[PDB]
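Report on the structure given below.
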Amino acid sequence: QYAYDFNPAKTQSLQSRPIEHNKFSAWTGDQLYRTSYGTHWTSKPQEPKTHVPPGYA
Amino acid sequence: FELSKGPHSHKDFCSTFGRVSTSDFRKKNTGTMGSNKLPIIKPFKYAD
Amino acid sequence: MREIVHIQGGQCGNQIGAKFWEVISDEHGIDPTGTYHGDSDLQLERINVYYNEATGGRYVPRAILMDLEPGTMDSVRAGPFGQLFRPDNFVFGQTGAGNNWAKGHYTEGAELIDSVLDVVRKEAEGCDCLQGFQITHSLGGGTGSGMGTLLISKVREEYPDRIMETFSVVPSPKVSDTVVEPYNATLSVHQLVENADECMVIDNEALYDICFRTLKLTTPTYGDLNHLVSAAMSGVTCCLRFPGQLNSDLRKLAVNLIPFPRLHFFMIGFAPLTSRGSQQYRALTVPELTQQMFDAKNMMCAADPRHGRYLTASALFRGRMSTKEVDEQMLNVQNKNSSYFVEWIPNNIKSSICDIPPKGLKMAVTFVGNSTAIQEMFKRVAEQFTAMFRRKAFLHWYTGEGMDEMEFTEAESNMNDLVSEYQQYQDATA
Amino acid sequence: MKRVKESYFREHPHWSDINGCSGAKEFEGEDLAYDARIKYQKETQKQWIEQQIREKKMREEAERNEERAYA
Amino acid sequence: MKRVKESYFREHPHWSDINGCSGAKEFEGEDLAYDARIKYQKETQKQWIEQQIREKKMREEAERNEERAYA
Amino acid sequence: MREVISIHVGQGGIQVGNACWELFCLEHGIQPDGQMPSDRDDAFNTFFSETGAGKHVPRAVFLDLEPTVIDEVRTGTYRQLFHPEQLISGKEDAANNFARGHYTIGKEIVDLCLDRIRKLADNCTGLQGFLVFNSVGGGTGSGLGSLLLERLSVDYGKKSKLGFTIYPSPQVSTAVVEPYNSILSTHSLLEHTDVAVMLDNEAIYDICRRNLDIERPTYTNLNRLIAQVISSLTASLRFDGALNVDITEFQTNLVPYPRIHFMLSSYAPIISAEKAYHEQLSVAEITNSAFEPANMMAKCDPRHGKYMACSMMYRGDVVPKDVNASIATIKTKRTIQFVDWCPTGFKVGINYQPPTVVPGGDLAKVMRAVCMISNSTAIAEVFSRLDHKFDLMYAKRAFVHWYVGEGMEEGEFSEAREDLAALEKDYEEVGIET
Amino acid sequence: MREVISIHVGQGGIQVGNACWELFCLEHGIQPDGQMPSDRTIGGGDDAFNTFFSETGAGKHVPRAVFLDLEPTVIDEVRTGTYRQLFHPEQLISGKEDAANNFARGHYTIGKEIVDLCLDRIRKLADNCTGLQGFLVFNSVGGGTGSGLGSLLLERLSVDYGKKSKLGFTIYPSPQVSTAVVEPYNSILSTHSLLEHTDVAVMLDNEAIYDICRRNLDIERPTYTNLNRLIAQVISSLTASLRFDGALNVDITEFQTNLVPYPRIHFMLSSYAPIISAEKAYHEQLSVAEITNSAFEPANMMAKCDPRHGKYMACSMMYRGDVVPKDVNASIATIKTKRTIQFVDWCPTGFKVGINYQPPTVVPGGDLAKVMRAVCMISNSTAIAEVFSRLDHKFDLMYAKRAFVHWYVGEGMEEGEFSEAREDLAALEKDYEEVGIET
Amino acid sequence: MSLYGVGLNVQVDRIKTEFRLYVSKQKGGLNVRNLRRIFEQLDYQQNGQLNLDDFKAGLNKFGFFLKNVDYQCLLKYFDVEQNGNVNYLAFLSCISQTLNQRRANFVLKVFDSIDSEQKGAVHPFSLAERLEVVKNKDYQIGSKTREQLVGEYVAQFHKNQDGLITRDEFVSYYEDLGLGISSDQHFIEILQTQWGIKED
Ligand SMILES: Nc1nc2c(ncn2[C@@H]2O[C@H](COP(=O)(O)OP(=O)(O)OP(=O)(O)O)[C@@H](O)[C@H]2O)c(=O)[nH]1
Ligand SMILES: Nc1nc2c(ncn2[C@@H]2O[C@H](COP(=O)(O)OP(=O)(O)OP(=O)(O)O)[C@@H](O)[C@H]2O)c(=O)[nH]1
Ligand SMILES: Nc1nc2c(ncn2[C@@H]2O[C@H](COP(=O)(O)OP(=O)(O)O)[C@@H](O)[C@H]2O)c(=O)[nH]1
Ligand SMILES: [Mg+2]
Ligand SMILES: [Mg+2]
């Protein structure tokens with residue numbers, strides 16, 4: 003009753019599917035994230051520092 | 055101490071990036093897959 | 001984990017590989033964009049045998065396409081399922097083969113094989129545990145038979161333990177598709193007999209017979225012919241990708257089919273094959289499958305196996321079936337045809353079972369048999385070759401690259417003693 | 001150093017509990033709490049196993065998400 | 001192993017049940033309920049036979065539907 | 001306090017172990033998850054072990070070189086049951102090559118199994134012995150099987166080892182090179198197995214076709230029948246009975262000599278429920294069917310030989326006075342003849358637990374069953390048939406390059422034939438009347 | 001009233017001290033800010049923390065530790081993180097220029113301007129303590145400043161204090177896996193230095209613990225954090241008896257009195273049990289018998305060395321949890337019964353057993369499982385000659401033609417040091433072979 | 001396996017019968033009506049949708065175990081709206097026998113003997129009295145708390161707003177019980193003995 007089709011589930015190509023937008027930083031929620039400390043108590047990048055001890059260099 | 059190795063092993067000279081005539085060719089039976097000839101027999105013990 | 005890499009060369013090799021990868025992708029439910037859209041879990045556990053993985057969860061075949069002219073790979077890239085292949089896996093020249101074995105083996109392939117050997121070397125080490133290689137090429141052409149055999153020798157020098165399986169389209173002179181094909185055919189077999197572990201010859205005349213007498217379709221095309229080879233190509237490794245009652249891989253089939261090392265030339269056949277106007281009357285049962293499987297006209301070679309004795313045979317069943325009939329039918333056919341099997345080995349048929357049938361079918365089978373009747377095609381090629389070589393016709397094209405007649409003389413003998421030794425086992429008695 | 005528990009499970013009894021024990025007939029080393037203690041220990045172990053399995057599953061999903069974003 | 005039952009059918013009797021048996025006059029091996037026990041066992045066997053026959057017939061029909069669909 | 005450890009090697013061993021461990025879990029009430037359903046008799050100590058935190062884990066090890074069948078055990082309904090590290094799998098199959106699975110890829114994996122075995126043995130206190138399952142006509146079945154038994158002999162020694170091998174059928178089989186690895190296996194297990202049982206497949210096909218009324222049997226049907234033999238054999242180790250017989254009380258009453266330990270089994274009643282509606286299933290008749298040569302589980306005819314010893318076990322509602330009457334009738338019939346130097350040759354045990362039925366199975370539920378283990382001189386015929394097939398093919402030196410090229414010397418076959426050849430000579434000499 | 005001072009040098013020492021101190025703080029219930037949580041208002045008894053911490057007279061506790069390095073990045077990271085309020089500001093000594101994988105730089109040129117400050121801080125920590133058991137020192141040995149400062153500190157402490165005990169948890173290079181290309185040189189020199197100045201040495205190469213994490217913990221991509229956590233667990237099990245009640249107590253002094261047959265022989269390897277992931281943690285019952293059987297497993301040795309190749313001299317095992325002495329004795333009898341483990345001729349009894357009641361603590365985000373029983377092993381055997389023997393060949397290959405020797409010579413070290421270091425190493429090898437033979 | 005065309009239809013049918021034997025084999029307290037009650041707890045919002053993980057938990061808690069590939073087969077067939085959640089209500093609507101015609105006779109005749117008022121609704125207390133009389137011969141007519149104390153024999157089913165037992169639910173409760181017993185004769189044996197009425 004009908005021939006053989008190739009594409010299943012009707013997956014439209016990303017070529018025409020919408021357009022680019024500002025999600026270039028999708029992964030970089032943890033890209034400046036330090037693990038020497040870190041991965042020890044937190045999973046997010048450290049907050050900006052406000053206090054330092056003597057000889058902080 | 056020895057660790058004799060069989061089929062695959064893990065050491066080779068130039069496995070990853072090896073590469074840097082008409083007179084010579086495979087003559088009759090130097091290939092592994094040919095040469096229907098077999099070595100000599102030994103008694104064996106199996107008693108150990 | 002016992003994955004195999006696929007390498008093909010030449011126009012015939014590329015066309016066959018094009019249809020084969022389409023068949024496998026449908027089996028594992030891979031869309032033309034490389035995204036898995038399967039429905040069960042059995043279609044994903046063993047996807048690493050033929051497919052790699054990249055970012056985004058897409059799978060790319062570990063296939064390598066080589067040619068001396070990008071004309072053939074030009075058509076395969078624009079067809080369906082053409083975006084699956086890696087762009088870096090295409091290696092090509094800019095001159096052409098010239099239907100000359102010497103050009104494809106000494107002056108063009110030799111300077112070109114450095115790049116492709118790098119590509120296959122990268123694939124071989126990347127995989128977890130390489131299981132072997134498979135080859136699809138034609139012996140009647142220049143770049144396929146010439147550069148293909150050189151790569152066979154080069155690969156064997158670095159992986160002497162891995163298996164090597166080939167699909168050769170040996171020329172039947174009825175399709176005199178190349179006036180100089182006897183030269184290439186006899187030179188390729190001599191190179192092939194020393195390195196290739198398993199060989200499966202394919203003839204276009206046999207394929208035309210199947211499409212005409214069995215399928216009863218009016219207008220055959222290379223699309224249909226290439227699909228017949230592809231269906232048999234997946235059957236030999238189907239049990240490796242899916243569970244079954246008995247498991248069997250390329251090594252197991254080889255171990256149970258080759259009595260002596262020089263005797264590694266087989267013939268293949270596929271069943272069931274029925275026409276549109278004739279499957280309304282046929283019933284789908286195991287006895288029907290084994291009836292068509294052993295039929296002489298169903299073989300994919302010009303050699304008729306009723307003129308010789310089956311040295312050994314192998315059968316691979318697909319689908320849910322009872323083991324008793326599988327073992328019973330093989331015994332039954334072996335007793336009623338005692339003249340067609342060599343006598344100094346009892347029960348010379350191997351059976352294997354897989355639970356996943358091809359899509360759209362409930363049962364299937366693939367036949368691989370080592371029969372002594374294949375010597376008749378070597379005899380026909382050799383006698384044609386010695387007729388042409390006596391008068392030194394077309395010789396200056398091959399000798400122009402430094403090739404000497406001594407290699408031609410050695411090619412005759414190694415083919416000659418192959419026929420002589422392969423014939424006396426038909427007359428051997430216990 | 002310290003020895004304040006005669007065993008990890010039971011502590012030193014109150015002085016009123018040892019009414020006799022001059023004649024060796026009551027020894028208090030015969031348990032009578034062994035079977036129930038072992039049984040209870042079984043579930044107390046199983047709860048910890050479940051908690052750790054759930055925690056590691058959460059960690060694995062969190063690991064997967066970042067790769068999914070990098071794609 | 002152990003022997004806690006005199007026979008498969010009867011267990012050990014109550015201590016008050018064995019009032020005499022010092023002189024050999026009662027043996028509890030004479031049954032006197034043998035025929036009734038066998039008669040009841042017959043029906044217990046028949047029930048299992050009928051149940052398993054029904055299960056096998058259902059399995060056969062389920063198997064036939066397979067070919068019915070593929071055709 | 002009394003335990004056994006089961007060894008499963010090869011596809012045949014593992015796939016049989018699936019049927020056996022399905023029965024044991026259901027017989028003792030164990031869930032596929034490993035937990036006790038009932039609120040609730047330490048009868049599970051023989052096969053299962055209390056791992057403390059809830060569940061129960063079996064005392065079994067699965068060995069294979071191809072991970073295809075192993076993955077099913079890790080994916081099937083019993084995934085949560087078995088310990089993750091007691092299912093040992095390789096990467097490459099032996100590919101029907103005895104030499105491959107005995108000299109090249111045997112050392113790389115036999116060490117892992119030995120480590121696993123030691124930990125299981127240290128758990129047991131009164132370990133009775135080992136049970137091994139292997140397919141002789143296979144690569145890793147014959148290859149690793151010989152290597153394990155050779156290594157197990159010096160690791161433990163006096164501990165008993167029992168074996169349930171699967172020799173090829175007289176004519177019907179799968180592989181074509183199976184005579185080669187069948188001869189070499191027997192040449193090993195003769196001097197390393199205390200008791201061996203023949204379990205060729207063709208006999209089981211006939212039983213299912215004749216009795217169960219099945220026109221399309223499958224390996225699942227065969228494995229369920231074999232698991233019944235194992236359960237009845239070891240039933241007396243965990244269930245009360247009038248007469249108890251242990252593993253140690255087999256070779257003390259069933260092997261006349263250390264060299265003769267090859268046996269053939271039988272089981273009864275084997276009947277479908279449709280025709281069980283008519284027969285009366287008495288004690289006297291089920292033991293008569295156990296002696297029928299057509300019902301024997303190995304394709305051998307005892308009418309061609311003498312019975313040396315005969316061990317037979319009852320389970321259900323049997324009464325010892327009924328058993329004694331049946332034995333008298335068996336001795337009466339002339340077509341069953343015992344060896345001269347065995348005036349009494351029966352060892353009888355009785356268990357009270359009736360046989361259990363697997364849902365979806367085909368055997369009928371009954372209150373009586375008897376299992377037969379017989380030692381007879383008729384078993385020398387299967388070795389003679391195997392000798393003829395091997396010598397016939399070895400005459401032209403076929404398939405031998407694939408054995409020489411793996412480090413195996415060519416002299417294996419010459420001594421394997423000599424080792425087998427002497428075996429028939431011993432078996433015929435025993436049966437000669439004085 | 002009993003104290004131990006921890007000395008951390010080099011990147012490896014600091015990165016293992018971080019895990020050790022987070023584990024100790026969580027074990028004793030001290031928040032990273034240095035004080036107990038405000039929820040528990042019942043006053044306070046305890047005082048078991050006194051071994052590791054010290055009350056400052058106003059609130060918080062201060063560890064009895066000191067950190068040392070010549071490259072300031074790691075120390076700045078320590079003083080920037082959430083533990084910045086815990087450690088004393090000027091017991092984290094940091095230099096300016098790192099030794100850069102050069103033993104001569106770390107021993108003759110740069111370390112002499114920081115050893116004085118280090119010893120001043122050590123005195124300031126020691127005078128506070130009254131029952132000092134000894135010093136624990138951690139160091140990665142294949143690193144320049146690590147080995148050099150470790151050597152200099154041990155040399156100076158051997159004369160500043162004398163009979164005070166010192167324990168060294170060194171990390172020797174793995175047989176084939178390594179990071180640097182020049183580490184045999186300073187490894188040999190440091191071996192010479194610590195032969196005559198350490199009371200007990202523990203082998204802690206990285207390949208063995210990688211294997212432990214891969215096989216047991218089922219982690220395909222381990223990182224140094226897991227290694228440090230395991231080593232911290234080992235240290236905690238070792239020092240637990242000093243600060244908790246137990247049925248059988250062992251002090252620091254009862255290691256060098258029941259494990260050291262002769263003064264020259266003080267090199268030994270450790271192991272731990274059980275190390276099992278939560279997917280299969282208590283799907284095996286982990287009784288005392290099987291945990292002590294696994295403690296003897298050669299693959300579980302925390303150093304890459306097989307005891308089957310040699311004879312055992314002495315054993316020291318510490319149990320923590322709910323173990324029982326009768327079960328311990330039964331396990332000891334079974335171990336002695338086993339034949340694949342054999343002891344030296346002149347040691348009929350070779351086990352010293354200690355029992356503690358405090359169960360091991362678990363750190364959030366860890367890999368191990370919460371267990372009620374655990375065993376830690378410190379064993380001395382003749383098989384330890386393997387690491388010296390295989391390390392000998394590596395040095396000779398690259399020293400036969402004076403590779404990299406100019407780097408060391410130009411920093412003020414005499415050329416003749418290499419030959420004498422090799423001679424001392426060879427003399428050490430001869431001792432272990434001669435002791436093990438039967439009379 | 002290979003659930004491409006009619007393979008999906010035949011693969012589910014294997015599970016339909018495999019569930020039936022498991023419920024039939026136990027023969028005891030396990031009832032299919034517990035499945036609908038145990039799924040309502042996991043449904044939370046009475047949506048009627050359950051994901052694979054919660055669906056597996058309910059079946060395993062009941063004691064029914066299948067393979068991983070088997071569970072995927074059920075999800076594909078029974079996900080009508082393609083949201084990744086199986087319909088347990090649809091699943092329970094299947095694998096449920098209607099009830100045989102001969103079984104209908106006993107179910108109705110037992111109801112009709114008790115329902116002598118012809119209204120078609122039976123007071124639940126009347127069931128409690130007759131269920132205890134057939135069990136004990138010394139129950140006696142008078143009881144202190146005959147309503148609540150003996151009422152534990154009933155209320156396993158549900159009633160209408162009036163509190164009277166509807167005949168439609170009267171047969172609905174008995175048909176679901178007719179899944180754990182595959183022996184029609186045993187179904188005869190249980191009903192005639194426990195209710196004291198035998199006529200066929
Ligand atoms: N009775 C019985 N025999 C089996 C079963 N499965 C496999 N076999 C036997 O196994 C033999 C072939 O070996 P395989 O089971 O395929 O695998 P193997 O024995 O481990 O040898 P390899 O293929 O090298 O791994 C056949 O001849 C069968 O007789 C089974 O389920 N039941
Ligand atoms: N187990 C473990 N080993 C470490 C760790 N950090 C460094 N190492 C080892 O230390 C060796 C190098 O020495 P480092 O400690 O990194 O550096 P260093 O001691 O400060 O010496 P310099 O590089 O000159 O500053 C490496 O080969 C590692 O094997 C760690 O955190 N854990
Ligand atoms: N079965 C099959 N055979 C083919 C196909 N294309 C070419 N051939 C055969 O290949 C032979 C010529 O091979 P050729 O193109 O010269 O190979 P090449 O030189 O390597 O490119 C002819 O005899 C054809 O019959 C194809 O698509 N299918
Ligand atoms: Mg196999
Ligand atoms: Mg540094």
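Protein chains in written order, with the authors' numbering: chain 2A, 3 to 59; chain 1V, 55 to 74, 81 to 108; chain LJ, 1 to 430; chain 2X, 1 to 71; chain 4X, 1 to 71; chain LI, 1 to 40, 46 to 439; chain MI, 1 to 439; chain 2C, 1 to 200.
Each residue gets a CB set at the ideal place from its N, CA and C atoms; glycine is no exception.
- Which of the residues in the stretch 101 to 117 of chain LI, read from start to end, lie with their CB under 7 Å from any CB of chain 1V? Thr109 and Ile110
- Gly168 (chain MI): CB within 7 Å of a non-hydrogen atom of ligand 2: no
- Message: 8 Å is my cut-off, CB to CB: does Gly246 (chain LI) come that close to chain 4X?
- Response: yes
- Sorry if obvious, but does the Cβ on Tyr224 (chain MI) come closer than 7 Å to a heavy atom of ligand 2? yes
- Pair within 8 Å by beta-carbon distance, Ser234 (chain LJ) and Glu27 (chain LJ): yes
- Message: For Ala271 (chain LJ), which residues in the same chain have their Cβ closer than 6 Å to its Cβ, ignoring the five residues on either side in sequence?
- Response: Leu289, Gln292, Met293 and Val365
- Expressed to the nearest angstrom, what Euclidean distance is found between the alpha-carbon atoms of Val66 (chain MI) and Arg121 (chain MI)? 8 Å
- Item | Alpha-carbon spacing of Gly142 (chain 2C) relative to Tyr153 (chain 2C), whole angstroms | 17 Å
- Message: On the DSSP bridge list, what partners appear for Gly360 (chain LJ)?
- Response: According to DSSP, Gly360 (chain LJ) bridges with nothing at all.
- Message: Quick check: is any heavy atom of ligand 4 less than 7 Å from the C-beta of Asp43 (chain 2C)?
- Response: no
- Item | Interface flag, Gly29 (chain LI) vs chain 2X, CB-CB below 8 Å | no
- According to DSSP, what are the bridge partners of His8 (chain LI)? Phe67 (chain LI) and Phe138 (chain LI)
- Pick from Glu220 (chain LI), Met398 (chain LI) and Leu194 (chain LI): whose alpha carbon is nearest that of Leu311 (chain LJ)? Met398 (chain LI)
- Message: With DSSP as the reference, identify every bridge partner of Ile135 (chain LJ), one or two as the case may be.
- Response: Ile7 (chain LJ) and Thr166 (chain LJ)
- Which residues does DSSP pair with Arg373 (chain LI) in a beta bridge? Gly321 (chain LI)
- Query: If you check the beta carbons only, do residue 454 (chain LJ) and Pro358 (chain LJ) fall under 8 Å apart?
  - Reply: Because chain LJ is modelled from 1 through 430, residue 454 (chain LJ) falls outside the range shown and cannot be assessed.
- Have a look at the DSSP bridge pairing and note the partners of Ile378 (chain MI). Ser270 (chain MI) and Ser316 (chain MI)
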